[PDB]
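Just the one chain here, laid out as structure tokens, in the form deposited in one PDB entry.
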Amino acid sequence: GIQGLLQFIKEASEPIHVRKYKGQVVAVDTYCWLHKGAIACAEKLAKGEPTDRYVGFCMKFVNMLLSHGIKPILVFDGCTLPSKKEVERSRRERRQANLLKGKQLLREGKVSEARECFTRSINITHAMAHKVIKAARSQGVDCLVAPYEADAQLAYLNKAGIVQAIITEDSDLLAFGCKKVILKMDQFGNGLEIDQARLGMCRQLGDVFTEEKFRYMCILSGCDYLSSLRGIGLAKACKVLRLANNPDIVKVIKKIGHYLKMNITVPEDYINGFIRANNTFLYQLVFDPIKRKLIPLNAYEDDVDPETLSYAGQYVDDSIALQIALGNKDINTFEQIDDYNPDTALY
């Protein structure tokens, strides 16, 4: 998540409605609807009590798209990424802290304070996501479980032309290179749209509108894969790239103390972390739904060795990757929890 990116390129956004893609295919970052659908029933999920309200919350969004001729492809998060394990461990640490502190407030009498901690300790399990998959499949809607982060899976579906828009709330999809991203879409279907081609209307970007330079700007500002240098945001990162009259990104990062004229010490591990993060935005493992196989988000280049890309995801057998993508195989237990088969009537 690039902080403040949406307010940094506002001049490239215009409010639209989902009718502009009537009769087209639009993928969805479905986990955003699960987080909003679980707030209305946070205390129930915190106490382990059975609840299916979030199932109905995600369905009114799906049924709303079906009413406008949209063919949604619900994409769901999968396994944990090694490049995101530091953030995933911290989020799991804060969910456990709010859960323990929320249960402590139940043993006192504070009902409003315990509810606030419950809404911040929401853990969207894969079983909760699989409930929405069953409800969406009962209505004839495609559902795809990403091998890891849904962000990379959404980026491939949009680049490969399978879908023409990505309905989401995260700003990372712009860094992955999505052509059309629809943000802040209410239950009625109204939101903002940011096209990758219209990024030139942002005067504060300069010549940093190409996919490679825009990807470099998001990482230097601070993403979930690599924390930014102390004092480096989107503006200063964009300033380094505008003045970067050099295609080699490694020498430009070392020279960040010169392009900005600041006392910036760059450890060597941060340089290896940038190459680690740039390859994750480029070569993260997605799932090809047509050919049914594990492929990187972008095709491998000649100046990269895929042997050093374990942090971007681990390959498995195409049959195992298919059962995970179909939601039949659980993410953690790796056991068959369902028996859906798309052959016996996206794929």
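Numbers for residues come from their place in the sequence shown, where the first is 1. Rigid core: the largest C-alpha set superposing within 1.5 Å between the two forms.
Asks: Enter the number of deposited residues without atomic coordinates between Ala345 and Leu346, binned as none, 1 to 3, 4 to 9, or 10 or more.
Replies: The entry has 4 to 9 unmodelled residues between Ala345 and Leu346.
Asks: Averaged over C-alpha atoms, is the B-factor higher for 281-289 or for 57-65 in this PDB entry?
Replies: Of 57-65 and 281-289, the stretch with the higher C-alpha B-factor average is 57-65.
Asks: For the stretches 164-172 and 180-188, which has the higher mean C-alpha B-factor as given in the deposited record?
Replies: Between 180-188 and 164-172, it is 180-188 that shows the higher mean C-alpha B-factor.
Asks: Select one of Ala155, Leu205, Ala97, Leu74: the residue whose C-alpha shows the highest B-factor in the crystal structure entry.
Replies: Comparing C-alpha B-factors across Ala155, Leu205, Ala97, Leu74, the maximum falls on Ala97.
Asks: Among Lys131, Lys236, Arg120, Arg92, where is the Cα temperature factor highest, going by the PDB entry?
Replies: Highest CA B-factor of the listed options: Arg92.
Asks: Consider only the C-alpha atoms of the modelled residues in this chain, order them by B-factor as the entry records it, and name the third containing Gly222: lowest, middle or highest.
Replies: Middle third.
Asks: Select lowest, middle or highest to describe the third in which the CA B-factor of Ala40 falls within its chain in this entry.
Replies: It falls in the top third of the chain.
Asks: Using the B-factor values recorded in the entry, state whether the Cα atom of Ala46 falls in the lowest, middle or highest third among the modelled residues of its chain.
Replies: For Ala46, whose C-alpha B-factor we compare with every modelled residue in the chain, the answer is the highest third.
Asks: In terms of the CA temperature factor given in the entry, to which third of its chain does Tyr259 belong: lowest, middle or highest?
Replies: For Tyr259, the deposited C-alpha B-factor lands in the highest third.
Asks: Of the three thirds of its chain by CA temperature factor, lowest, middle or highest, which one includes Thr125?
Replies: It falls in the middle third of the chain.
Not on display, but discussed next: the form deposited in another entry.
Asks: For the set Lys85, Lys251, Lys179, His258, which residue undergoes a C-alpha shift of 2 Å or more between this form and the one not shown, given alignment on the rigid core?
Replies: It is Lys85; the other listed residues stay below 2 Å.
Asks: Please check if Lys134 moves between this form and the one not shown, taking a CA shift of 2 Å or more relative to the superposed core as movement.
Replies: Stays below the 2 Å threshold, so no.
Asks: Superposing on the rigid core, do we see a C-alpha displacement of 2 Å or more at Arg203 between this form and the one not shown?
Replies: No, the C-alpha moves less than 2 Å.
Asks: Superposing on the rigid core, is the CA of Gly109 displaced by 2 Å or more between this form and the one not shown?
Replies: Yes; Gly109 is a residue whose C-alpha shifts (by 2 Å or more) between this form and the one not shown when the cores are overlaid.
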